[PDB]
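What follows is a short report on a single structure.
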Ligand SMILES: [Cu+2]
Ligand SMILES: [Cu+2]
Ligand SMILES: [Cu+2]
Ligand SMILES: [Cu+2]
């Protein structure tokens, strides 16, 4: 140890890192314009990258996901997207760039044991730019991006960065009044999106395709209803969030925020197979109707609540969709039947008197490796302290809530199940940190500095199995 | 005291509890950001990204913080930037054509929640300067130096207007970049007066530049080999900083290339002494007054470039590192506050591992009782950079610790207990905050810092604190 003259020992922070293991945390920084990998075994930032260095004129570094690497310390690859345009104006920061870049870039970056290397922009390769959740396929042979301004999600080939398939979603509201457009129901169309360009390419880079000028914020479903969200076709919006993956392969689920549904897709045969109904009180599913070989519809009598967070248990047994704002809860499906998602039926709802209000919103989660516990974020607007709720995933009950500080975002877990590692991001202008909480008795062990506005974080997985509790099955 | 797991798990909050209630602030160089960090909780308190404010080459560079009675409620600070071809000088494969010109001097106020960009004092005064930033010992102003333009100036805190500016020019004996300094020359020290309405300078951005980028450590060899582009490289002296004597009255401008520091009378606006850097030269060179606005000093040969420069917190010693051809710490007796002409060379700190070149000792900080100094040791990749502990009574190296790549600045908590510095991955690799306890001079470890920091401070509370902050040394 290190002793004073008094024989009292100094605290070495290295002692704190010793216990965490050999794990590499990565996180983008939103308005900071940077992305950073951290060695949780030493406290060092291993390498960071500033997209402005590459001529990016709106480097709002947004979602990300890391491919497994046998040894992350020697190398790993990862995907990180950006947003642009009026997403720049939506936080508490008096930005002065009135005409910023359009974003929707999808960067491929490789850490090489020393530095980050920006490989290319896959949105340029494919011509498809998408700016919300990034996930890796369970096979680690590609990745997926959702976007809630264009309402397009797509799975991409890891090697080529070419779109394997893309789905576009559209809203036909029963009542063409923004106030009632979702409440009073409507019909959502699912359309196969095909390349319109030479070389198998799309012509949907940057803001091409945008229905609204920014991604809705938490509870922003109120704001688009209230006419506060500008764009060409807000009545047509469904706010696609993510395409998450069944860890057993075959199925991918696209979350649609405004109509409160998730669409299960056959990855191989590239068709939709089921629509899951979010709000408590609705059946397990809504009816999928084929119109033609490229087009399907689903009618929703009414939208009781918006939904947001979506994903699978590591064993593929359960599927989860969070209702948010008008109901705050966790809706749970039995997805044990890997053969037929039309059989998936609701089996539980995690609820709490504490979720009475319009907040908190439960918009990120991570499961323990053994699928018995979930850690779920609790977000509020300033100044309410944000935190984590620990969920019993066997009985479907809230074990515990802890307060942390402002603007809680994502949660990752060391692959041995021992430590949850999360990010708080200051609403882009105030306090921000990495938080560490041990999963045995669920005690917060403290904070590490992180001067970034993280809307995502991952721990680099070693294996296909690690990926089941990484940015692949949940967001 | 304990939860359910008893003492099973290490809480990082213990680590911070011993550090006390101090706020670390640092700029991020290529990160384009600047950040304040609470050493008592491990939170970043606030961060600011200059690209948000239309900055197109946001190389956030040096900074200094004004004292505040409670830095957790509010504090003010000054951070400048670099631009043009300073963008192209590190390992990053940048793809920016027509980068911003930089040399902005941002005023930023932390208001207990957020950072607020107040203005660019370079736009206010018309004078942009891209190297060291310091606070006056009275905290009523600040100063900035520049080694591309060879200008330094002290500014009023309220108005952001120049109180005085100095321009420095080299007349080399031999008109050959190879010999322009080895073979000596005359350096001119000239009052710099404004040209524009309202007493404004016409020197923003890259206006005034002799060379296209600030000299890297050991980079005086690059300018000699004429691998530094620019209009007037033979005229370069590479001013580094303007530091302050904590007792007041005097400020000292460090000149890298001709190996000297110039002492200036602040209030009367005259240079009063030239301190000669290399071991082997006299205590001073002779100051010659040509008219009320112009002085010259002759330097037969330049034995070595110098860099770090500063005062002990009581003002008793003044130091200038030799840092190219010699590698040592040159020390002067500056106890005579009345007259800088009397200041005499009193010691040279030497070490067997200091040959050249590297390590480059370009930052330092003292303990509050002036008994010890902490000195960076910089090397290019892949040599381990680290810290040197200096005995400031006997003038010898106590200890050297290895840390990691690319060591930059060092600050100290104001009770004397913890040195906090930054390492910066040459802007593309590993970076961190380092904490070292001063009692036995041992490294407590590192904290994450995804930034390229070329500066960092602990926000001072009082004028006394400022003596060991970014005021007396760099
Ligand atoms: Cu989301
Ligand atoms: Cu976001
Ligand atoms: Cu310097
Ligand atoms: Cu620098």
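Chains as they are written, first to last, in the deposited numbering: chain C, 74 to 548; chain A, 75 to 548.
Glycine residues also receive a C-beta, built at the ideal position from the N, C-alpha and C atoms.
Partner residues on chain A for residue i, Cβ-Cβ distance less than 7 Å
i: residue 89 of chain C; result: 84, 86 and 89
i: residue 111 of chain C; result: 522
i: residue 92 of chain C; result: 83 and 84
Buried versus exposed, by CB contacts within 10 Å (16 or more), residue i
i: residue 541 of chain A; result: buried
i: residue 492 of chain C; result: buried
i: residue 360 of chain C; result: exposed
i: residue 272 of chain C; result: exposed
i: residue 101 of chain C; result: buried
i: residue 182 of chain A; result: buried
i: residue 429 of chain A; result: exposed
i: residue 519 of chain A; result: buried
i: residue 352 of chain C; result: buried
i: residue 162 of chain A; result: exposed
i: residue 270 of chain A; result: exposed
i: residue 343 of chain C; result: exposed
i: residue 74 of chain C; result: exposed
i: residue 165 of chain C; result: exposed
Same chain, Cβ closer than 7 Å to residue i, five either side skipped, listed in chain order
i: residue 505 of chain C; result: 497, 498, 499, 523, 524, 525 and 526
i: residue 364 of chain C; result: 370
i: residue 76 of chain C; result: 82
i: residue 348 of chain C; result: 334, 336, 358, 359, 361 and 371
i: residue 414 of chain A; result: 324, 337, 346 and 347
i: residue 112 of chain A; result: 97 and 119
Contact list for residue i against chain C, beta-carbon separation under 9 Å
i: residue 120 of chain A; result: 499, 502, 503, 504, 505 and 524
i: residue 78 of chain A; result: 513, 514, 515 and 516
Three-state secondary structure assigned by DSSP to residue i
i: residue 492 of chain A; result: strand
i: residue 180 of chain A; result: strand
i: residue 198 of chain C; result: helix
i: residue 158 of chain C; result: helix
i: residue 396 of chain C; result: strand
i: residue 478 of chain C; result: strand
Chain-ordered chain C contacts of residue i [CB-CB under 7 Å]
i: residue 531 of chain A; result: Those do not exist, as residue 531 of chain A stays about 15 Å from chain C at its closest Cβ, beyond 7 Å.
i: residue 241 of chain A; result: Ordered by position in chain C, no residue passes the 7 Å Cβ test against residue 241 of chain A, which lies about 32 Å from the chain.
Start and end residues, alpha helix (DSSP H) containing residue i
i: residue 90 of chain C; result: 86-91
i: residue 539 of chain A; result: 537-540
i: residue 518 of chain A; result: Note, residue 518 of chain A: premise wrong, no alpha helix (DSSP H); beta strand (DSSP E) at 516-522.
i: residue 293 of chain C; result: 293-298
Terminal residues of the beta strand (DSSP E) in which residue i lies
i: residue 138 of chain A; result: 133-139
i: residue 464 of chain C; result: 459-465
i: residue 219 of chain A; result: 215-220
i: residue 380 of chain C; result: 379-385
i: residue 260 of chain A; result: 259-265
i: residue 208 of chain A; result: 207-209
i: residue 101 of chain C; result: 97-101
i: residue 81 of chain A; result: Unbroken run through residue 81 of chain A: none, as it is neither H nor E.
i: residue 235 of chain A; result: Careful: residue 235 of chain A lies outside any beta strand (DSSP E) and carries neither H nor E.
i: residue 345 of chain C; result: 344-350
i: residue 505 of chain A; result: 505-511
i: residue 369 of chain C; result: 368-373
i: residue 228 of chain A; result: 225-230
i: residue 122 of chain A; result: 118-123
Partner residues on chain A for residue i, Cβ-Cβ distance less than 8 Å
i: residue 117 of chain C; result: 478, 504, 505, 506, 520 and 522
i: residue 75 of chain C; result: 511, 514, 516 and 518
i: residue 187 of chain C; result: 502 and 503
9 Å Cβ cut-off: residues of chain A touching residue i
i: residue 126 of chain C; result: 104, 106, 161, 166, 167, 168, 169, 170 and 501
Contacts around residue i, its chain only, beta-carbon distance under 6 Å, and the 5 residues preceding and following it disregarded
i: residue 421 of chain A; result: 405 and 469
i: residue 192 of chain A; result: 181 and 183
Own chain, CB closer than 8 Å to residue i, minus 5 neighbours either side, in chain order
i: residue 212 of chain C; result: 322 and 537
i: residue 195 of chain A; result: 152, 179, 180, 181, 229 and 234
Neighbour list for residue i in chain C, Cβ cutoff strictly below 8 Å
i: residue 132 of chain A; result: 125
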